[PDB]
Amino acid sequence: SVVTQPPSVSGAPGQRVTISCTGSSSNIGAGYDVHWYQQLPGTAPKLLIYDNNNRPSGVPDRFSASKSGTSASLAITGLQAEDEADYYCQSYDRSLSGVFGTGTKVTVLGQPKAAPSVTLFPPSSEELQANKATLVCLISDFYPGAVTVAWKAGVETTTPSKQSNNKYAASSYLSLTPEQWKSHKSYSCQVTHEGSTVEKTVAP
Amino acid sequence: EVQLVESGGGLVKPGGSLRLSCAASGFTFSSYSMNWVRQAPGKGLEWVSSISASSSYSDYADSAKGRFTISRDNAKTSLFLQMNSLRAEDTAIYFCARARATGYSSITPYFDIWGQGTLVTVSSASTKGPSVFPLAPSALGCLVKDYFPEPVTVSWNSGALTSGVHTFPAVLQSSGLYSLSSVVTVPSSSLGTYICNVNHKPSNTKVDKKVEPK
Amino acid sequence: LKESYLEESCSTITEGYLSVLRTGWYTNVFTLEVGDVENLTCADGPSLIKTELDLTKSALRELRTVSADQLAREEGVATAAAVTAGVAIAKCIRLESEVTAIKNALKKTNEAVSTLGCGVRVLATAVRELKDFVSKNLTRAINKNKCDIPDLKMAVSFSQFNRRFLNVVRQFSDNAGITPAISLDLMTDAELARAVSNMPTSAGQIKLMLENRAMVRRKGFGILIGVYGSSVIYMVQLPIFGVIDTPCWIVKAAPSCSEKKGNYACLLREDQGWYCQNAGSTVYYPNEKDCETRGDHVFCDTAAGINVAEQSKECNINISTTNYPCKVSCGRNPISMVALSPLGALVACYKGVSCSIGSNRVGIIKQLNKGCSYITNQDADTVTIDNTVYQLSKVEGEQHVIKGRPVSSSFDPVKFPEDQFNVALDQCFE
Ligand SMILES: *[C@@H]1O[C@H](CO)[C@@H](O)[C@H](O)[C@H]1NC(C)=O
Ligand SMILES: *[C@@H]1O[C@H](CO)[C@@H](O)[C@H](O)[C@H]1NC(C)=O
Ligand SMILES: *[C@@H]1O[C@H](CO)[C@@H](O)[C@H](O)[C@H]1NC(C)=O
């Protein structure tokens with residue numbers, strides 16, 4: 001089947017974190033080896049580990065890995081800020097050939113937790129004149145970069161990006177026909193950061 | 001220097017065709033198996049196809065079987081991927097990668113050199129200028145609604161407001177068009193002027209809206 | 001294939017071969033069950049069953065002794081490397097825990113995958129036909145040590161079921177526990193196909209291996225683990241060809257001599273043999289025995305190679321190049337000989353020998369001139385030097401010549417230096 005990884009892993013600077021790689025009988029269980037890549041945002045993947053546990057020449061010793069049965073794991077012993085990246089495991093499948101794990105984002109928690117500031121903007125009259133209505137819920141200055149925003153259909157949310165001050169920021173857009181904005185008394189976007197919910201509402 | 005340089009990426013309509021080319025330099029090209037790996041926007045790595053050093057063996061992922069054909073020319077040290085019947089899900093950055101296999105305990109290929117990749121965009125959409133509507137300070141901003149393709153830059157006050165501003169990432173809609181937002185935080189006492197400078201170089205459009213309270 | 005005669009150096013290069021280089025080993029462990037034959041006897045006089053029983057009992061007793069000697073001693077560059085690696089795995093399996101693990105995993109089926117305590121992942125195979133015959137048929141039909149029975153079917157079956165065991169004992173006794181190759185008795189063709197399929201390789205490797213089983217049996221070998229009761233445990237190392245499809249070429253050469261009134265000045269390329277590209281390195285095999293050919297495919301062992309600079313290939317275009325010290329052997333003593341190439345033959349005819357090329361239906365085609373001549377396999381079937389007849393191959397391909405005055409024609413035989421062996425072409429002039 002598909003090789004799965006945890007979507008996210010996080011740790012403090014100097015912490016040891018592990019990334020699992022869950023294969024199956026047709027790949028790792030079939031005797032195939034596991035490789036690992038590190039990908040910084042915007043760049044090509046870089047070889048990090050080959051043949052289960054060997055480091056290429058330019059890879060520091062804090063990276064180590066192993067393989068066991070139908071799974072593998074990558075260890076980073078002593079996270080540093082530069083280790084924040086996406087990590088992919090890789091093997092070969094008897095029927096699917098080259099297979100890549102689903103990938104893991106590693107966050108290095110180098111900052112205190114910060115609650116998000118939410119500013120919900122109502123549809124501009126100019127846009128209603130264009131027979132269009134979009135509500136823009138803007139989330140800002142939060143740490144770490146992971147948030148769930150809610151309103152049902154017509155929802156488009158950007159994955160948390162990183163702004164200045166090294167804090168994170170996200171945005172969500174509810175598209176409605178002009179009639180629908182006049183139909184309801186109020187619309188609201190709820191932002192959840194670290195189990196905490198912030199709700200801003202807008203009324204026509 | 002060991003280098004791979006992909007080329008041939010661009011926009012294409014569903015059912016269209018493109019041919020990607022990788023220029024290899026700095027190593028003995030004919031000694032190595034070569035691969036194509038792709039990565040959809042915000043998604044994971046996905047192996048596409050491989051070809052052996054002398055083209056005796058080739059392999060493809062189920063998605064590429066029939067539609068895609070890999071090939072190489074060792075004389076020019078170049079790799080090629082012929083893609084036909086392209087669909088929207090083929091939108092990705094396509095990487096060219098040199099493969100290695102130790103062959104001690106198994107034959108499990110790893111990729112030790114990657115090119116920077118070329119973007120392949122499959123869409124029924126055509127180049128479109130952005131429509132800029134203002135976000136009312138009542139936190140001030142301007143929203144770009146439907147533009148194509150992705151490249152779009154948003155400045156504020158001709159770059160004067162460089163501190164206290166974030167341009168968000170774009171969102172693709174069922175329409176196949178893109179929409180961005182740029183926000184600004186200033187003193188709620190400095191209301192009485194900030195201008196939203198936008199540029200869609202693809203369509204050669206430059207919009208300069210100003211933000212004002214309700 | 002494409003062969004080029006290099007007239008300047010009396011040599012040939014044949015290109016267009018594709019590598020199949022052994023990089024590793026896949027271990028298939030076997031448990032050949034003989035059964036309790038030592039608790040059976042024939043007190044009847046000469047008999048067919050008695051003959052077979054005594055052969056089986058003795059073969060099993062001899063194996064315990066070849067095993068003891070082997071264990072004592074264990075507690076070609078490629079052959080030496082292969083044995084070292086296999087013996088390391090054999091010491092792992094020889095541990096008591098691993099044997100019983102293997103036997104247990106094989107109690108429910110005749111084939112199982114297992115990972116040893118050493119981390120080596122192996123295939124285990126049960127061969128039970130001999131034990132099953134002995135326990136379910138022979139032990140009972142010999143009620144009271146009576147082996148002269150009139151069944152005849154029993155004797156035939158006993159002979160049929162035990163010959164694989166006898167042949168295995170012979171190979172391990174004749175080779176001190178380490179066979180040179182993989183016989184059909186160590187691994188049948190069905191077992192080889194099963195193991196080849198179970199290997200973690202690519203579908204291409206699997207086809208090349210199943211279409212070249214005889215080559216697989218020559219590259220692999222077997223190691224005796226030991227005799228644990230009535231169970232013979234041995235391992236077979238199957239080759240893993242991790243480098244494949246890279247370009248390879250073979251260089252052949254013959255002595256190129258000029259002559260001035262009985263005095264000779266000779267040149268011989270000392271870089272003959274196989275060359276294969278291997279991951280940014282050119283690998284050189286000076287012994288043509290280290291590589292075997294099957295069509296365009298050349299099978300070699302990565303452990304027997306020598307790394308050479310990629311500029312060494314320029315000795316096949318201009319031996320007098322200044323970009324690489326092409327190795328040659330010079331001297332005043334001509335040697336007449338024939339160097340067979342894949343698509344022809346180099347013939348070096350000097351002093352008082354007679355050289356000719358012949359046809360299998362016409363006979364002598366012509367006499368050859370003195371010096372070096374290149375014969376294609378389409379112009380002749382044979383080359384003869386004096387009474388020695390060399391058969392040319394029938395392989396088809398492109399033939400090419402790189403014309404050029406032989407470098408040895410510039411040497412002055414009159415006062416030519418003594419024999420310089422393995423030197424640069426400039427050192428031969430003076
Ligand atoms: C072994 O041989 C003895 C003596 O003939 C006999 O009594 C016994 O039943 C045999 N046991 C087995 C293993 O069948
Ligand atoms: C061996 O024993 C089995 C028991 O079912 C029997 O069917 C088979 O015919 C026997 N073989 C001989 C040689 O009698
Ligand atoms: C071979 O190399 C030598 C030295 O570089 C050069 O002078 C000559 O022209 C080249 N060609 C031949 C075939 O001699």
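To find a chain, count down the sequence lines: A is the first, B the second, and so on, and within it residues start at 1. Because only heavy atoms are used, hydrogens play no part in the values below, and waters and symmetry mates are left out as well, while side chains stay in.
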Under 4.5 Å from a heavy atom of chain B, the part of A:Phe121 involved: side chain
Proximity breakdown for A:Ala170 and chain B, heavy-atom pairs closer than 4.5 Å: backbone
Pick whichever of A:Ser97, A:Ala130, A:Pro122 has the most heavy-atom pairs under 4.5 Å with chain B. A:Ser97
Quick one: what part of B:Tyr110 sits under 4.5 Å from any heavy atom of chain A, side chain, backbone, both or neither? both
Audit row: B:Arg67, B:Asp90, side-chain contact (heavy atoms from CB on, under 4.5 Å) steps and yes/no: CA-CA 11 Å; B:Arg67 318 187 289 133; B:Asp90 304 307; 2.9 Å; yes
Can you tell me which portion of A:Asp51 sits under 4.5 Å from chain B's heavy atoms? Options are side chain, backbone, both or neither. side chain
Tell me the closest heavy-atom pair linking A:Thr159 and B:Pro169, and the distance in Å. O-CG, 4.3 Å
Can you tell which part of A:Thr134 gets under 4.5 Å to a heavy atom of chain B, answering side chain, backbone, both or neither? side chain
Examine whether an atom of B:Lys43 lies under 4.5 Å from a heavy atom of chain A, and if so say whether it belongs to the side chain, the backbone or both; otherwise answer neither. backbone
Heavy-atom pairs under 4.5 Å with chain A: which of B:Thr185, B:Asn35, B:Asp59 has the most? B:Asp59
Find the one option among B:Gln173, B:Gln39, B:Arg100 whose heavy-atom pairs under 4.5 Å with chain A are most numerous. B:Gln39
Where on A:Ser164 is there a heavy atom nearer than 4.5 Å to chain B: the side chain, the backbone, both, or neither? neither
Based on non-hydrogen pairs under 4.5 Å, which of A:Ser124, A:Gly154, A:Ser125, A:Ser140 is most in contact with chain B? A:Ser124
Sort B:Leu172 into side chain, backbone, both or neither according to what part of it lies under 4.5 angstrom from a heavy atom of chain A. backbone
Which bit of A:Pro41 is near chain B, if near means a heavy-atom gap under 4.5 Å: side chain, backbone, both or neither? neither
Please report the C-alpha distance between A:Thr70 and A:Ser24 in whole Å, then the side-chain angles of each, then the deciding distance to 0.1 Å, and finally whether the side-chain contact (heavy atoms from CB on, under 4.5 Å) criterion is met. CA-CA 5 Å; A:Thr70 63; A:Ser24 76; 5.8 Å; no
Can you tell me which of B:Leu135, B:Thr102, B:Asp112, B:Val37 forms the most heavy-atom pairs within a distance under 4.5 Å of chain A? B:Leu135
Greatest number of non-hydrogen atom pairs under 4.5 angstrom with chain A, of B:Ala97, B:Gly117, B:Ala139, falls to B:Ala139
Taking side chain as everything from C-beta outward and backbone as N, CA, C, O, which of these in A:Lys162 sits under 4.5 Å from a heavy atom of chain B? Side chain, backbone, both or neither. backbone
Toward chain A, the part of B:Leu4 with a non-hydrogen atom under 4.5 Å: neither
A:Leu128 versus chain B, the contacting section by heavy-atom distance below 4.5 Å: neither
Residues A:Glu127, A:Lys132: salt bridge by 4.0 Å N-O rule: no
